[PDB]
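Take a look at the structure below.
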Amino acid sequence: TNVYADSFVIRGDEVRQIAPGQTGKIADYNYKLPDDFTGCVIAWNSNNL
Amino acid sequence: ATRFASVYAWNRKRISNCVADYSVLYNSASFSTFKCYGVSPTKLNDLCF
(Lines give C-alpha, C1' and ligand atoms only; values in the text may rest on other atoms or scores of the structure.)
Protein backbone atom coordinates (compact mmCIF):
# COMPACT_ATOMS: atom_id res chain seq x y z
CA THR A 1 0.00 0.00 0.00
CA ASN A 2 1.09 3.58 -0.77
CA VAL A 3 4.41 3.09 -2.54
CA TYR A 4 6.71 6.07 -2.04
CA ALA A 5 10.01 6.40 -3.90
CA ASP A 6 12.69 8.75 -2.57
CA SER A 7 15.36 9.29 -5.23
CA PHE A 8 18.68 11.14 -5.11
CA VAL A 9 22.36 10.82 -6.11
CA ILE A 10 25.28 10.63 -3.68
CA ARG A 11 28.99 9.85 -3.62
CA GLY A 12 30.11 6.29 -2.96
CA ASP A 13 31.87 7.40 0.24
CA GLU A 14 28.45 7.75 1.95
CA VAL A 15 26.41 5.04 0.20
CA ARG A 16 27.06 2.43 2.90
CA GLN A 17 25.99 4.91 5.59
CA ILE A 18 22.33 5.26 4.53
CA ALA A 19 20.56 2.74 6.77
CA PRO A 20 17.71 2.92 9.31
CA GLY A 21 19.21 3.64 12.72
CA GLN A 22 22.80 4.82 12.34
CA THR A 23 24.45 8.26 12.45
CA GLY A 24 26.56 10.27 10.04
CA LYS A 25 26.88 13.34 7.85
CA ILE A 26 23.85 12.50 5.68
CA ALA A 27 21.92 10.09 7.91
CA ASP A 28 21.55 12.69 10.68
CA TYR A 29 21.06 16.02 8.89
CA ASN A 30 19.65 15.30 5.42
CA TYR A 31 17.17 12.44 5.84
CA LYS A 32 15.73 10.31 8.65
CA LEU A 33 15.14 6.61 8.04
CA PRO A 34 12.72 5.35 10.73
CA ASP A 35 13.79 2.38 12.83
CA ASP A 36 10.41 0.61 12.63
CA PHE A 37 10.27 1.39 8.90
CA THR A 38 10.02 -1.48 6.41
CA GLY A 39 11.30 -0.93 2.88
CA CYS A 40 14.12 -1.37 0.40
CA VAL A 41 17.13 0.68 -0.76
CA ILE A 42 18.74 0.37 -4.20
CA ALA A 43 21.95 2.15 -5.23
CA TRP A 44 23.62 1.94 -8.63
CA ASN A 45 26.50 3.78 -10.27
CA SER A 46 25.77 6.15 -13.19
CA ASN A 47 28.90 7.37 -14.98
CA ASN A 48 27.38 7.89 -18.44
CA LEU A 49 25.16 10.80 -17.30
CA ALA B 1 52.02 12.64 11.70
CA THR B 2 55.28 11.80 9.92
CA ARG B 3 55.92 8.04 9.92
CA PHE B 4 54.80 4.93 11.81
CA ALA B 5 56.42 1.59 12.62
CA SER B 6 55.86 -1.90 11.20
CA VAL B 7 53.44 -4.58 12.45
CA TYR B 8 55.86 -7.12 13.92
CA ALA B 9 57.52 -4.24 15.78
CA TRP B 10 54.15 -2.61 16.37
CA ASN B 11 54.24 1.03 17.46
CA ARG B 12 52.90 1.64 20.97
CA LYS B 13 51.60 4.98 22.23
CA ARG B 14 50.30 5.90 25.69
CA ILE B 15 47.49 8.46 26.04
CA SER B 16 45.82 9.65 29.25
CA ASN B 17 44.79 12.80 31.15
CA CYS B 18 43.13 14.55 28.22
CA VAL B 19 39.84 14.88 26.35
CA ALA B 20 39.16 12.50 23.45
CA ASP B 21 36.61 12.74 20.65
CA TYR B 22 35.45 10.82 17.58
CA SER B 23 33.83 13.57 15.49
CA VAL B 24 37.24 15.29 15.29
CA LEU B 25 38.57 12.26 13.38
CA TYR B 26 36.99 13.41 10.09
CA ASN B 27 38.99 16.60 9.46
CA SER B 28 42.69 15.90 8.86
CA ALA B 29 42.01 12.79 6.76
CA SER B 30 39.01 10.82 5.55
CA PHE B 31 39.20 7.24 6.81
CA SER B 32 38.22 4.04 5.00
CA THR B 33 37.68 1.34 7.66
CA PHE B 34 36.46 2.37 11.11
CA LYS B 35 35.09 -0.46 13.25
CA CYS B 36 34.77 -0.14 17.02
CA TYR B 37 34.26 -3.67 18.30
CA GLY B 38 31.36 -3.91 20.73
CA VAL B 39 31.12 -0.13 21.13
CA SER B 40 28.94 2.15 19.02
CA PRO B 41 30.84 5.23 17.75
CA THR B 42 28.09 7.61 18.93
CA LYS B 43 28.48 6.86 22.66
CA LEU B 44 32.26 7.03 23.06
CA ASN B 45 32.33 10.64 24.25
CA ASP B 46 29.62 9.78 26.82
CA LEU B 47 31.86 7.29 28.67
CA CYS B 48 35.02 8.12 30.56
CA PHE B 49 37.90 5.91 29.45
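Residue numbers start at 1 in each chain; chains themselves are named A, B, ... in the order of the C-alpha coordinates; ligands are numbered from 1 in the order shown.
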**Report entry** Distance-based interface of chain A with chain B, 10 Å, counting only C-alpha atoms, as a VMD selection string
**Finding:** chain A and resid 13 22 to 24
Writer output for current selection, N, CA and C atoms, as a PDB file, in the first residue's frame:
```
ATOM      1  N   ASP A  13      31.306   7.344  -1.106  1.00  0.00           N
ATOM      2  CA  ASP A  13      31.865   7.397   0.238  1.00  0.00           C
ATOM      3  C   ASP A  13      30.799   7.441   1.325  1.00  0.00           C
ATOM      4  N   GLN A  22      21.425   4.415  12.094  1.00  0.00           N
ATOM      5  CA  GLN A  22      22.804   4.818  12.339  1.00  0.00           C
ATOM      6  C   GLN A  22      22.915   6.342  12.375  1.00  0.00           C
ATOM      7  N   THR A  23      24.152   6.836  12.395  1.00  0.00           N
ATOM      8  CA  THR A  23      24.447   8.259  12.445  1.00  0.00           C
ATOM      9  C   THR A  23      25.216   8.635  11.187  1.00  0.00           C
ATOM     10  N   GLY A  24      25.704   9.871  11.141  1.00  0.00           N
ATOM     11  CA  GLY A  24      26.555  10.269  10.039  1.00  0.00           C
ATOM     12  C   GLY A  24      26.291  11.656   9.496  1.00  0.00           C
TER      13      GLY A  24
END
```
**Report entry** chain B: residues DSSP assigns to helix (DSSP H, G or I), reported as a list in words
**Finding:**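 Secondary structure check on chain B, helix (DSSP H, G or I): residues 23, 24, 25, 26, 44, 45 and 46 of chain B.
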Report summary line: Students should find that atom CA of residue 43 of chain B and atom CA of residue 21 of chain B are spaced 10.2 Å
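A straight line drawn from atom CA of residue 26 of chain A to atom CA of residue 8 of chain A is 12.0 Å long.
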Find the residues around residue 49 of chain B up to 10 Å (only C-alpha atoms counted), leave out those fewer than 6 positions away in its own chain, and share them as an mmCIF file with N, CA and C atoms, in the first residue's frame.
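Saved to part.cif:
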```
data_model
loop_
_atom_site.group_PDB
_atom_site.id
_atom_site.type_symbol
_atom_site.label_atom_id
_atom_site.label_comp_id
_atom_site.auth_asym_id
_atom_site.auth_seq_id
_atom_site.Cartn_x
_atom_site.Cartn_y
_atom_site.Cartn_z
ATOM 1 N N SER B 16 46.646 9.508 28.055
ATOM 2 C CA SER B 16 45.822 9.655 29.247
ATOM 3 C C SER B 16 45.784 11.129 29.628
ATOM 4 N N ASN B 17 44.891 11.453 30.570
ATOM 5 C CA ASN B 17 44.793 12.795 31.153
ATOM 6 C C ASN B 17 44.493 13.861 30.100
ATOM 7 N N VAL B 19 41.159 15.078 26.931
ATOM 8 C CA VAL B 19 39.837 14.878 26.348
ATOM 9 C C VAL B 19 39.970 14.243 24.969
ATOM 10 N N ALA B 20 39.173 13.207 24.720
ATOM 11 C CA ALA B 20 39.157 12.496 23.451
ATOM 12 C C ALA B 20 37.809 12.679 22.766
#
```
Query raised in the report: Neighbours of residue 40 of chain A within 12 Å (only C-alpha atoms; same-chain residues fewer than 3 positions away dropped), as a list in words?
Result: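 Residues meeting the cut-off are residues 3, 4, 5, 6, 18, 19, 20, 33, 37 and 43 of chain A.
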Requested in this report: Check the smallest atom-to-atom distance from each of A:10, A:30, A:25, A:17 to residue 44 of chain A using only C-alpha atoms, then report the winner.
Outcome: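 Nearest candidate to residue 44 of chain A out of A:10, A:30, A:25, A:17: A:10.
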**Report entry** Coordinates-based distance that separates atom CA of residue 44 of chain B from atom CA of residue 24 of chain B (Å, one decimal)
**Finding:** 12.4 Å
